[PDB]
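Going by UniProt numbering, the letters in the sequence shown line up with residues 14 to 57, 70 to 240, 252 to 310, in that order. For each residue, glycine too, the CB sits at the ideal point set by N, CA and C. To start, the structure itself, in structure tokens.
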Amino acid sequence: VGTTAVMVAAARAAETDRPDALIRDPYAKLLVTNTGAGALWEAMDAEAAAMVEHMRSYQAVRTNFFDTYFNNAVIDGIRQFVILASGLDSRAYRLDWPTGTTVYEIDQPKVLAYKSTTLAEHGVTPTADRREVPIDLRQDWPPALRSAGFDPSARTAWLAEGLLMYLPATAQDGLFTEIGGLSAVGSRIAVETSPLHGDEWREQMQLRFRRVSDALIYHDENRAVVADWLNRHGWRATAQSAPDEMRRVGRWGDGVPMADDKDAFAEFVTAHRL
């Protein structure tokens, strides 16, 4: 399991531990105890303190947003779900799924094997029909999803959280093209975008975090804007900036360095298949 998957799960666990938790992920602590990279994250000036609080609050707010997305898709009748680069995401276990729901998780084999074995050791199994699809998303992944039982003629709700900024710009286009190819009318997708001007934030966040601890290689100016791309390849797409969403729920901390550039932060794009 990669460092990023652990860090975001540790953030979810930290949120879950608070009385005022925005989201509750009963499985995040379990998943970050059993790697060892989360002991440091478990442990973690004004700007330095604000960055740690931002890490937790950003992850809480992003988690709440994508939870709401899936929950609204269930309400709307959708019964086929796909979590792309699912990492340590426990939504297949912790959200309420109606009978007849299928939830596909796509990630590399070892990531999926870690989550399943780790959960099993704690007596945790899903009640929903959860289906693993072990494959690299830069490779020919549609046949793998299809052989796992996926029905392209059924409405699908797709999720791509914490993924795009870790894929080259050319790979993003290919991913979305394949997704459109597998999506029935009325399908939806929610996506966390790669920040418009945003590899500098990771540096200043690493710097503030390195001081707290001691105490995007694919950034591309040519990357397609996600809402714009979806809106000309068969979707109706809208964007909510992460800062706007954080402010919406009273979780934005303006003490964070780069607070005034909206381009240092992701957007949350939701789209409907035409």
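- Query: Does the region 230-239 come within contact of the region 196-209, defined as at least 3 CB pairs closer than 8 Å?
  - Reply: no
- Please name the residue, chosen from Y118, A278, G289 and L53, that lies closest to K298 on a Cα-to-Cα basis. Here the question's residue 298 lines up with position 262 in the sequence shown. Out of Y118, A278, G289 and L53, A278 has the C-alpha closest to the C-alpha of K298.
- Message: Since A85 and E130 should fall inside the 8 Å C-beta cutoff, what is the C-beta to C-beta distance between them, to a whole number of angstroms?
- Response: Position 60 of the sequence shown holds residue 85. Position 105 of the sequence shown holds residue 130. The pair is not a contact, with the Cβ atoms about 22 Å apart (cut-off 8 Å).
- Run through the region 86-148 for me and flag every whole alpha helix (DSSP H) of 4 or more residues, listed as ranges in chain order. 116-119 and 134-146
- Item | Bridge partners - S277, DSSP secondary structure assignment | Here residue 277 refers to the residue found at position 241 when the sequence shown is read from its first residue. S277 pairs with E303.
- Message: Looking at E303: is its Cβ nearer than 8 Å to the Cβ of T218?
- Response: Stepping through the sequence shown from its first residue, residue 303 is reached at position 267. Stepping through the sequence shown from its first residue, residue 218 is reached at position 193. Yes. Within cutoff.
- Check the DSSP bridge columns for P159 and list the partner residues they point to. By 1-based counting over the sequence shown, the position of residue 159 is 134. Per DSSP, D132.
- Per DSSP, what kind of secondary structure is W288 in: helix, strand or coil? Along the sequence shown, read from residue 1 onward, the residue named residue 288 stands at position 252. Three-state DSSP puts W288 in coil, outside helix and strand.
- Query: What's the C-alpha gap between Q197 and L189?
  - Reply: Taking the first residue of the sequence shown as 1, we reach residue 197 at position 172. Taking the first residue of the sequence shown as 1, we reach residue 189 at position 164. Approximately 6 Å, taken between the alpha carbons.
- Task: Reducing DSSP to helix, strand and coil, say where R25 ends up.
- Result: Residue mapping note: residue 25 aligns to position 12 of the sequence shown, counting from 1. Helix at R25.
- Task: Let me know if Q164 comes out buried or exposed under the rule of 16 or more other beta-carbons within 10 Å of its beta-carbon.
- Result: As a working mapping, residue 164 is identified with position 139 in the sequence shown. Label assigned to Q164: exposed.
- Note down the Cα distance separating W183 from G125, rounded to an integer number of angstroms. Within the sequence shown, residue 183 is the residue found at index 158, counting from 1. Within the sequence shown, residue 125 is the residue found at index 100, counting from 1. If you take the alpha carbons of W183 and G125, they lie about 17 Å apart.
- Spatial neighbours of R104 in its chain, beta-carbon cut-off 6 Å, leaving aside the 5 residues before and after: Along the sequence shown, one-based indexing puts residue 104 at 79. Same-chain partners within the cutoff: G125 and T126.
- Item | Alpha-carbon to alpha-carbon, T150 and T306 | Your numbering for residue 306 matches position 270 in the sequence shown. Your numbering for residue 150 matches position 125 in the sequence shown. Their backbone Cα atoms lie some 30 Å apart in a straight line.
- Message: Does any residue of chain D have a CB that is nearer than 8 Å to the CB of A73?
- Response: The question asks about chain D, but that chain is absent: this structure has only one protein chain.
- How many angstroms separate the CA atom of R213 from the CA atom of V158? The residue you call residue 213 lines up with position 188 of the sequence shown. The residue you call residue 158 lines up with position 133 of the sequence shown. C-alpha separation (whole angstroms): 20 Å.
- Query: In terms of residues, what are the limits of the beta strand (DSSP E) holding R213?
  - Reply: One-based indexing of the sequence shown puts residue 213 at position 188. From DSSP, the beta strand (DSSP E) with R213 extends over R213 to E217.
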